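Just one chain follows, in the form deposited in one PDB entry, and it is written as structure tokens.
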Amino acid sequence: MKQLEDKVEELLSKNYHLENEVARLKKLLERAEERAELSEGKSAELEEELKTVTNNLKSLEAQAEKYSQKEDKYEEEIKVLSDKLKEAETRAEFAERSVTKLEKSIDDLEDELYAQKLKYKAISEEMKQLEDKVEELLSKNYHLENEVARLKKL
């Protein structure tokens, strides 16, 4: 019967070790599940962080599109302004070239007029002298005619 007593002892032994292996495994499993849970929690948070940044990216892309359209407007308005400016400068430039030619034409006409006035004064003076000459000659003629008449009666 020493057999039974030895087998009892042998089983008590093995069970002892098996109970320890179970306790060790339960503990290891418990932690392992905690590790997986915390890790899955981290992935979840990262996913939320990525949604947040992706949304911000979208907001900035939308702002860039607005900037892009306003930038085109500015380019257009600058062109339209440039086109009117060139046109205004050109018109001014043309007229100012005309103003110079006209001012010179006036200066010459004003000189021509002044000289014409001098021409008139000069001829008016000669006319004065000629009238006086005709007047003296008519007086002479009158007196000569009367002297001939007087003589003719003698």
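Take the two forms, superpose them, and find the largest set of C-alpha atoms that agree within 1.5 Å; that set is the rigid core. Shifts are known only where both forms have a C-alpha. Numbers for residues come from their place in the sequence shown, where the first is 1.
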Mean C-alpha B-factor higher for 50-58, or for 22-30?
22-30
Averaging CA B factors per stretch from the PDB record, which one is higher: 137-145 or 9-17?
9-17
Would you check the entry's CA temperature factor for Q116 and let me know if it's in the chain's lowest, middle or highest third?
lowest
Would you mind ranking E103 by its C-alpha B-factor against the rest of the chain and naming the third, lowest, middle or highest?
lowest
Going by what the PDB entry lists, where does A36 fall on CA B-factor within its chain: lowest, middle or highest third?
lowest
Thinking about Cα B factors across the chain, which third does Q69 belong to?
middle
Of the three thirds of Cα B-factor ranks in this chain, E87 occupies the highest
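The same protein has a further form, the form deposited in another entry, not shown here; the description that follows concerns it.
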Spell out whether the Cα of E145 moves at least 2 Å between the shown form and the other one when the two forms are superposed on their rigid core.
yes
Using a rigid core alignment, state whether the CA of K117 is displaced by 2 Å or more between the shown form and the other one.
yes
What runs of three or more residues stand out between the shown form and the other one, with each Cα shifted 2 Å or more once the rigid core is matched?
104-154
